[PDB]
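>>> First portion of the complex, with coordinates as positioned in the assembly:
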Amino acid sequence: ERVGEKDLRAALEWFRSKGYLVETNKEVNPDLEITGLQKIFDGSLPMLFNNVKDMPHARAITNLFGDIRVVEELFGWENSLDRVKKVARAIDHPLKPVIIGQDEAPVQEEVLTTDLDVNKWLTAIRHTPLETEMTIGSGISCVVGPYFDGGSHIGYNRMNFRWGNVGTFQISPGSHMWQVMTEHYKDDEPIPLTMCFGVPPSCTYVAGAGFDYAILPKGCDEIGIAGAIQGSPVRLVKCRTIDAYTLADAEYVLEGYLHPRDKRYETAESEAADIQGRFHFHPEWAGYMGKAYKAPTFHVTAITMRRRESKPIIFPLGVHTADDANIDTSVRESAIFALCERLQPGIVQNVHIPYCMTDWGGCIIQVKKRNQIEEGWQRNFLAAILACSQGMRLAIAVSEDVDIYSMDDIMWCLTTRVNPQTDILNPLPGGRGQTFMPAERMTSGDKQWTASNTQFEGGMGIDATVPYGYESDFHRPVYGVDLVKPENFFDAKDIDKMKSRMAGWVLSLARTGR
C-alpha cells in the first residue's frame, strides 16, 4: 500500500524530468522562510525543501501552481483558453471516484489513533513577522457521501491547532462547508470530515474553486471533477476512526469531527481582547494583512500518513502569491465560462481572472457580438456573474480585439470604451459580500467587523465592449509588423538588444502590431 496513482510524488517526478523542479537540502525554517522564499520567486517553478526545521519526517514543496504554464503542461493543456474550455467540459462530465481497500491506500500506512499532536506532525508556518501564531493552511477539507447530498466536496480551510488535537476551522460564509454546517447546525452529532495534505494536483486544482454554486451547487461531485481533470478516477478509502472517506493517495490525513456550535478564537490575542476583525492572523486573498475571528473547532481523532521514512510531502503556500491565485481562479474562470455559455452559447470567447483581481474579487470576460440581436448580452452576463459569485466586486466585459491577459490593455479599454453614465453597472447594492474585503468590512461602522455587520456596496460591472455596428469606428487598426523583417535591416546582435529592452504592454502590442 505504498503507491499513489496520479499522486503528488508522480507530479514531482514529472517536474524533475522536465527540469521544472528546484531542490535544496538546506534546512528551511517554517517561520518566515518558506513564505519569504516563495514571495521572492512569486509565480516561478516549484521548490522542494528536503529538510524542514523541527520536522525531520516532512518534506515541503512550494510554488507548485506558481507558474500557470507548467501547470497547463502537467495537465496537458495548450494554453489558458484551452484549459478553461477543457475544465468546463470536465465540470459537465465528472468521473465517479473509485473506492479501494483500507490495506492498499498509501495514506494509511501509519495510523495514529492516540498521541494526537497535530502540530508535531503537520508543518505549521508563519507568513509575515507581524503574526503571532503558526497556522496550518496546507490541508483541504473532504466531505463525501450523506453530508454533501451524495456528492463530494474538497476545499481549503485554515486551521490553528492551539489545543493539541483541537483547532479552529475557518469557514467562508456561503461556501459549501458553510452550507453543510448550516444544514447541520443544530444536530446532536458532530460533522465527520477529514483534512487531506499533499493531495494529487488535480484535487488541489479543484479545491481551489469556490463561490461558483450556480455551476457547482451543493451535492455536486468535486472529486469527480478532479478525476475528470486528471483523466482518471480519484481513489477514495474508508477512514479508520470515523464514518467517512478520504483521498487514498494523499500524504497526511486528519480524521475528526467538526463542532459547529463549539466556536473559539483563532489567536490568543483576539481571544484575550475578545473582538473579531482585528488582531492580524495572516495575509488573506484580497491582498491585505489578515484578521482573526471566532470559528468552529475540528476535533481530531486520528492522524494517518504514509511511511514516515518516506518523508511525506506537505504543500504550504502563502496566501498572496501567484500559487494561491492560480489555484482558486482557474476553476473560477472555468465556472464563469460555463455559466455564460449556459445563458447564451457562443457569445463569450474567453474568461480570465488575473492575479491582480483578488481571487474572489473580480473577473474579465471577452464577448463577441455576432449580430444586432446579441447586443446587450454582455450586461446580462455581468449581472449574472456579479449575482452568482458572492462578493465579487469588479466584473469587466471587453470585446474580441482585446488582449484579456494584459492589464494595460484592459486599462486602455476602460479609458476609451466606457461611458461612465451608462456602462457602469451596480446590480445588487445591499447583497451578500465578502467580509475579508476591507472596503466592505469598514461598512460595519461601530459594530463588530464580521459578516453579520458588513454592508455590500453592490459590485461594479463595467461594460467596456464596443457597441455592435460601430466596429469600424472602434477599430485598433494594425501596424505593418508582418510586412517587414528586421533581419533585412539589422544584425542579430542589435535585434536582441532592442528586444531585451522591451517589456510590458509593448510585448502585446508588437505581437499583434496593434
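Yes, it's here. Residues are numbered from 1 along each chain as shown, chains lettered A, B, ... in the order given.
>>> Verify the contact between residue A:215 and residue A:335 for me.
Yes: checked against C-beta atoms under 8 Å, the pair residue A:215 and residue A:335 is within contact range at 4.3 Å. Yep, even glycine has a C-beta here, placed from its N, CA and C like the rest.
>>> which of these two has more neighbours?
Counted by other C-beta atoms under 10 Å, residue A:215 and residue A:335 do not tie: residue A:335 has more neighbours, with 26 against 19.
>>> Please report phi then psi for residue A:178.
phi -60, psi -40 (degrees, to the nearest 10).
>>> Go ahead and confirm it touches residue A:171.
Yes: taking contacts as C-beta under 8 Å, residue A:178 lies within contact range of residue A:171: 5.2 Å.
>>> one step back: which neighbours do residue A:215 and residue A:335 share?
Shared contacts of residue A:215 and residue A:335, defined by C-beta atoms under 8 Å, 6 or more residues apart in numbering, are found at residue A:91.
>>> So what pairs up with residue A:298 in the strands?
residue A:167, residue A:258 (DSSP bridges).
>>> And it, how far from residue A:506?
Per C-beta to C-beta, to the nearest Å, residue A:298 is found 50 Å from residue A:506.
>>> more crowded one of those two?
residue A:298 (28 against 11).
>>> what's near enough to touch the more buried one?
Applying C-beta under 8 Å, 6+ apart, the residues near residue A:298 are A:159, A:166-169, A:193, A:195, A:254, A:256-259.
>>> ok, now residue A:433?
Counted by C-beta under 8 Å, 6+ apart, residue A:433 has contacts A:390-391, A:393, A:440, A:454-457.
>>> what about 6 Å?
Going by C-beta atoms under 6 Å, 6 or more residues apart in numbering, residue A:433 touches A:391, A:440, A:454, A:456.
>>> pretty sure the first one contacts residue A:434?
Yes: counting by C-beta atoms under 6 Å, residue A:391 does reach residue A:434; the two are 3.3 Å apart.
>>> Now the common contact residues for those two.
Joint contacts of residue A:391 and residue A:434 (C-beta under 6 Å, 6+ apart) are residue A:360.
>>> related to what we said a few turns ago, who has more neighbours, residue A:178 and residue A:171?
Using other C-beta under 10 Å as the criterion, residue A:178 and residue A:171 rank with residue A:171 on top: 22 against 15.
>>> got the contact list for the more buried one?
Per C-beta under 6 Å, 6+ apart, neighbours of residue A:171: A:177-178.
>>> before we move on, what about residue A:130?
Per C-beta under 6 Å, 6+ apart, neighbours of residue A:130: residue A:280.
>>> switch the cut-off to 8 Å
Neighbours of residue A:130 in contact, by C-beta under 8 Å, 6+ apart: A:280, A:289.
>>> Quick check: which element contains it?
Using DSSP states H and E, residue A:130 falls within no helix or strand.
>>> quick one: it from residue A:165, how far?
Distance from residue A:130 to residue A:165, by C-beta to C-beta: 28 Å.
>>> Now do the SS call for the residue most central in space within chain A.
For chain A, the residue sitting closest to the mean C-alpha position, by C-alpha atoms, centre = their mean, is residue A:328 at 1.8 Å. Classification of residue A:328 using DSSP: H, G, I helix; E, B strand; the rest coil returns helix.
>>> and chain B on top of that:
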Amino acid sequence: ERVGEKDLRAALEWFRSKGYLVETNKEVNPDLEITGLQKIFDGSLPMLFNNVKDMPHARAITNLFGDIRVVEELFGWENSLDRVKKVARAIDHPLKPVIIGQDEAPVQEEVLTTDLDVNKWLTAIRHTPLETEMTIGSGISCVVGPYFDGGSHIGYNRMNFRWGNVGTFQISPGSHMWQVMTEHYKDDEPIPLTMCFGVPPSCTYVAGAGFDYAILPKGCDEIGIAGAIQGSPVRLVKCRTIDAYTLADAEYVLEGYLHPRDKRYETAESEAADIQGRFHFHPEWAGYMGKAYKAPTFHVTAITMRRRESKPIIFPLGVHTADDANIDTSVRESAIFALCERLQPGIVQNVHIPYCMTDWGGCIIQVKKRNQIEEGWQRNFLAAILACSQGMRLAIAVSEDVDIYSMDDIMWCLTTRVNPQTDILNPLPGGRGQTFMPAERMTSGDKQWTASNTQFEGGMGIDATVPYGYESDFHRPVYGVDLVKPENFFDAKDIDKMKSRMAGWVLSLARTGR
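Time to bring in chain B:
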C-alpha cells in the same frame, strides 16, 4: 401500434373518471368559438369538442391545464409548493427516453408522404375578430440528438401554413430553438425537426418551460424531465422521411426541415406593407394584442397521425388564458426555485409566477432569513433571477409571513415593506429584453419594432422583505379566529350566508386570522 402509454387519451379517461371532463357533440367553429369558449371559462375544467367544423377527423380539447388543481391531481402533487419542489427534483433527475419500433408507435399508424396540406389535417384557429389569418399553435417542436448536443428539446412554436406544406416558424430570440438556429445559421443542410400534436400532458408541461437556461441549458434533456415528471420514460420513434425522432404517443406529427435563412412574413397584410411589429397576429403572452414578423420557414415532408377513424385529438388554446399561463409558469417556477437553491440553499421557501405576471414577465420569491449572516441574499436572488431569465421585468421578494398566491397580499407588502430609495433594484439596464413587451418594443423609436432595435430598461427587482432583527416591528399580529367557534353563536344558515358574501383578500385573511 395503437396504444399511447401515458398519453393524452389516458389523461382524458382519468379526467372522465374524476368527473373533471366536460364533453359536447355540438359542432364548434375553430374561428373565434374555441378561444371564445375557453375565455368564457378561463381557468376551468377541460372541455372536449367531439365535432370540429370542417375537420371531420379531429377532436379538440381545451382548458386542459386551465385549473392548476386538476393538473396537480393528475400528476400526483399535493399543492403548488409540492409541485414546485417535485419538479425541481425531476429537473435534477431526468429519465432517459426509450426508443420503440416504427411499427408499434401509435402516432405512425397513418403516414402521409404526399398530399401534404397541413391546414387540411391540423386544426388552425382564429383567436380574436381583429385577426386575418388562421394559425396553428397546438404543436410543440421536438429536437433530439445531434442538433441539441445529444440532449432533447420540446417547446411550442406558432406556425402559419400559407404555402400549403410550407409555413412560418416563430422562434423566440434567445430560446433553445434560437440557439440551435444560430449554431446552424450558415449550414448548407436545413435543420431536421418535427412538430408533435396532442402529446402526453407531461410533454406539454415541460414544453411550457422557457428562458431558464441556467438550469435547463442547451444540451439538457427536456423529454427526460417530462418522463421524470410523469414517473416513466417517454417513448420516442424514428421518423419516416427525416433523420430525427418524435414522440411516439402523440396524435399528429409533422416531419420536415427548418430553413433558417428562408424567412417570410407571417401575415399577408404585413407581407404587403413589408413592416414588422405591426399588423396584429393574435394575442401574445404579455396580455396584449399581437403583431406579425418575418420568421424562418418549416418545410413539411410527411404528416403522420393516428388512425383517422379514431379521431386524433388536438389541443388548441388561446394565448392569454390560465391554460397557457400554467403551461409556461409551472416549470418556470420550478427552475427559479432550483436556481435560488443552488445559489444558497434553505433561504427560498416558495416561488410563484401568478397569472397576472405575463409568463416571462415577472415572478415572486418567498425568502426566510434564518440569521443575520443571511440578510441580503434576497437581493442576490433578485439580481440572479432578472439576469438569468431574459426579459423578466418585475421580480418581487417577500417574507415568510406573506401569502404568495394572493396579489392583494403582495400589494400590501409593496405598500408597507418597500423603501423606494433602496429596495428597488434596476440591475441590467440595456440588456436583453423581450420584443413582445410593448413597453420595451416602443423603445425602438422610429426604427423597425423588432428585437434588433428594442432597448431593455433593466428590469425591476423589488425587495419587499422584512429586515432581519425587525420581525417584531413588522409583525402581522393575529386575530383570534381559532379561539371562537361560529356554531356557538349562529346557525348554519347564517354562517353560510356570511361565508357566501366573502371573496378575495378576506378569504386569505380570515384563514390565517391575519
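>>> let's see the contacts of residue A:130 again after adding chain B.
A:280, A:289 (C-beta atoms under 8 Å, 6 or more residues apart in numbering or on different chains).
>>> Pull up the residues of the stretch 201-350 of chain A that are close to chain B.
Residues of the stretch 201-350 of chain A lying close to chain B by C-beta under 8 Å from any C-beta of the partner chain are A:213-214, A:217-218, A:339, A:341-346.
>>> which of those residues sit farthest apart?
Greatest spacing in these, by C-beta to C-beta: A:218 and A:346 (29.4 Å).
>>> These two: who's more crowded?
residue A:218 (20 against 14; other C-beta atoms under 10 Å in any protein chain shown).
>>> Chain B contacts on the stretch 401-514 of chain A?
So the stretch 401-514 of chain A meets chain B at A:422, A:425, A:427-433, A:451-453, A:456, A:463 (C-beta under 8 Å from any C-beta).
>>> can you put those in CSV and add secondary structure?
As requested, these are exported to CSV (three-state DSSP):
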residue, secondary structure
A:422, coil
A:425, strand
A:427, coil
A:428, coil
A:429, coil
A:430, coil
A:431, coil
A:432, coil
A:433, coil
A:451, coil
A:452, coil
A:453, coil
A:456, coil
A:463, strand
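>>> Report the buried members of those residues.
Buried members of these, scored by 16 or more other C-beta atoms under 10 Å in any protein chain shown, are A:425, A:427-433, A:451-453, A:456, A:463.
>>> OK, contacts around the closest residue to residue A:337 other than its chain neighbours?
Among residues not flanking residue A:337 along the chain, residue A:351 sits closest, at 4.4 Å (C-beta to C-beta, 6 or more residues apart in numbering or on different chains). Applying C-beta under 8 Å, 6+ apart, we find residue A:351 in contact with A:84, A:333-334, A:336-337, A:340, A:363-366.
>>> Give me the phi and psi for residue A:320.
Torsion angles, degrees, to the nearest 10, at residue A:320: phi -90, psi 70.
>>> Equivalent analysis for residue A:247, please.
phi -70, psi 110.
>>> Over to residue A:98?
According to degrees, to the nearest 10, residue A:98 has phi -100, psi 140.
>>> Likewise for residue A:246?
phi -140, psi 170.
>>> Name the residues linked to it by a beta bridge.
With DSSP bridges as the rule, residue A:246 is bridged to residue A:237.
>>> Kindly indicate which of the contacts of residue A:351 lies nearest residue B:90.
Distances from residue B:90 to these, taken by C-beta to C-beta, are shortest for residue A:340, at 26.1 Å.
>>> Please identify the buried residues of stretch A:222-230?
Here stretch A:222-230 shows A:222-230 as buried, counting by 16+ other C-beta under 10 Å.
>>> typed the wrong thing, it's stretch A:33-45
For stretch A:33-45, by 16+ other C-beta under 10 Å, it's A:33-39, A:41, A:43-45.
>>> if we can go back for a sec, mind listing what the closest residue in space to the residue nearest to the centre of chain A that isn't next to it in sequence touches?
In this structure, residue A:328 finds its nearest non-sequential neighbour in residue A:359, 3.8 Å apart by C-beta to C-beta, 6+ apart. Applying C-beta under 8 Å, 6+ apart to residue A:359 gives the contacts A:285, A:324-325, A:328-329, A:332, A:353.
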